[PDB]
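Accompanying notes for the structure given below.
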Amino acid sequence: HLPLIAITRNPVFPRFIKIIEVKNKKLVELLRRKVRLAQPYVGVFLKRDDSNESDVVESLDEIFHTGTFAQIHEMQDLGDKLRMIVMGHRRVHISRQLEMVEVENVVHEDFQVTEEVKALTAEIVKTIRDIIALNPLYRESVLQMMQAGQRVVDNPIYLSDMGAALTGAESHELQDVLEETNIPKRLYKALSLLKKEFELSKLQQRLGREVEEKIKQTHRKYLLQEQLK
Amino acid sequence: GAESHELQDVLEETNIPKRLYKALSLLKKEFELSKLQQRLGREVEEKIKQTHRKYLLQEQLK
Amino acid sequence: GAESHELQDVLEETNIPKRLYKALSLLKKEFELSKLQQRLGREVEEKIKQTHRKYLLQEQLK
Amino acid sequence: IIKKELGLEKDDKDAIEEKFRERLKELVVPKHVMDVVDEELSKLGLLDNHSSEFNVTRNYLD
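As structure tokens, then:
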């Protein structure tokens, strides 16, 4: 029974640490009000296309129905007066946000043949490795700490959500992954996003190296005219 | 990448030729599985590449 | 890279140490030639970068 | 380079050289003027676009 939190272009990927700093201070009073609660909590969501600050307060339909309830960890306000640490703990999909009623309906349908499925997971991490090998985004220490071979992958769905989170795909693509219910479908969508970003980065780096080669060839052509000199 | 069960199965055989044959069969099976996964990934990446290069140009503009 | 005449002179030599020493001398002479070849271009580079550094200090003060 | 991937350049297949060559292509023209035009076009190609010499050459050719 809490008002929608102004996301303000802060997509909080599941189980991934994020920080939200909204200019509006009303959220500061909202947070202070829930300090007294022995179980402080906050619900993150995702805004729809054509983000509008006014529409959020005036209309509650702009934010998608899917959401992520999380537990407040600490309040800092080092630089700004509003700075909340948000993570992903409980994923939910509201039947009708306008009408709150929430059902922790976490669909994790899996086959009983848990032998060949992990192979695909392996492929996933391989691509992820390649990405961090060619487009370093985050420290590999998370990779070393979290290894599939250690059997510590208790919830592979969260690991796939990590893999999709590291992707540079738009918020709409992650929304379209979330709406997918079948596990293979969401996995394949995330892998397609991984291939997409891989192609983007490969084209970018190919172009950059070609440009540097062209510049050095221009300098060497200056040298070859220095041969006339 | 064979599972530990396959490793134990290979270790079971006593005669050298039989264990070698089983290891070769395991290698062929794993290679076939890897090739199938690679072909599926190639299919997926070509399907994504079916997206007109206009999107690449728009991202370059951005 | 010695001329054909130098190779002919080397082959003319029958004593092994004579031909070995002649080949070594020819090798070092040819390497001196090639070193001059490449050093002249490296000096092109050296002069260009020295001029760039001088004009870079001029740019700093300017 | 992004322009090369997608940009205004490389469109309409229009060049000053070719434009002037086609403009005169329909004119019954002598040869001395032809060689003068060839020299002017060679200079224009040599001359950089931003140079005032280039603008004077372009005006004379026009």
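Chains as they are written, first to last, in my numbering: chain S, 1 to 229; chain Z, 1 to 62; chain F, 1 to 62; chain L, 1 to 62.
C-beta atoms are modelled at their ideal positions from N, C-alpha and C, and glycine is treated no differently.
Taking the alpha carbon of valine 44 of chain S as the reference point, which residue from S:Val28, S:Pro136, S:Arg33 and S:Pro11 has its own alpha carbon closest? Closest option to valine 44 of chain S, Cα to Cα, is S:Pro11.
For the region 81-99 of chain S against the region 56-73 of chain S, do three or more pairs of beta-carbon atoms, one drawn from each stretch, fall closer than 8 Å, so that the two count as touching? yes
Would you mind telling me which residues of chain S sit closer than 7 Å to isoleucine 16 of chain L, beta carbon to beta carbon, in chain order? The premise fails here: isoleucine 16 of chain L is roughly 24 Å from chain S at the closest Cβ pair, so nothing lies under 7 Å.
Could one say the Cβ of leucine 223 of chain S lies closer than 8 Å to chain F's Cβ atoms, at least one of them? yes
What does DSSP give as the partner residue(s) for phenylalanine 45 of chain S in the beta ladder? In the DSSP output, where bridge partners are listed per residue, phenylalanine 45 of chain S has S:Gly67.
8 Å Cβ cutoff met for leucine 193 of chain S and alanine 165 of chain S: no
Buried/exposed call for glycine 88 of chain S, threshold 16 Cβ in 10 Å: buried
Tell me whether the beta-carbon of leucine 4 of chain S lies closer than 8 Å to the beta-carbon of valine 56 of chain S. yes
Compare the Cα-Cα distances from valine 22 of chain S to each of S:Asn52, S:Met84 and S:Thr121 and report the closest residue. S:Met84
Tell me the rounded alpha-carbon separation between residue 231 of chain S and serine 51 of chain S. For residue 231 of chain S there is no data in the structure shown, the boundaries of chain S being 1 and 229.
Check the DSSP bridge columns for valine 92 of chain S and list the partner residues they point to. DSSP output for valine 92 of chain S lists S:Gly67 as bridge partner(s).
Around the Cβ of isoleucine 7 of chain S, are there at least 16 other Cβ atoms within 10 angstroms (buried) or fewer (exposed)? buried
Among residues of its own chain, excluding the 5 on either side of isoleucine 48 of chain Z, which ones have a beta-carbon nearer than 7 Å to its beta-carbon? none
Rounded to a whole number of angstroms, what is the C-alpha to C-alpha distance between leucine 24 of chain L and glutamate 46 of chain Z? 49 Å
I believe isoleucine 20 of chain S touches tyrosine 41 of chain S by the beta-carbon criterion, under 8 Å. Please report the beta-carbon distance rounded to the nearest angstrom. Between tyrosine 41 of chain S and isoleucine 20 of chain S the Cβ distance is about 14 Å, and since that is not below 8 Å, they are no contact.
For chain S, is any of its Cβ atoms less than 8 Å away from the one on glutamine 8 of chain Z? no
Quick one: residues in its chain with C-beta nearer than 7 Å to the C-beta of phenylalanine 54 of chain L, no 5 flanking neighbours on either side, listed in chain order? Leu44, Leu47 and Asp48
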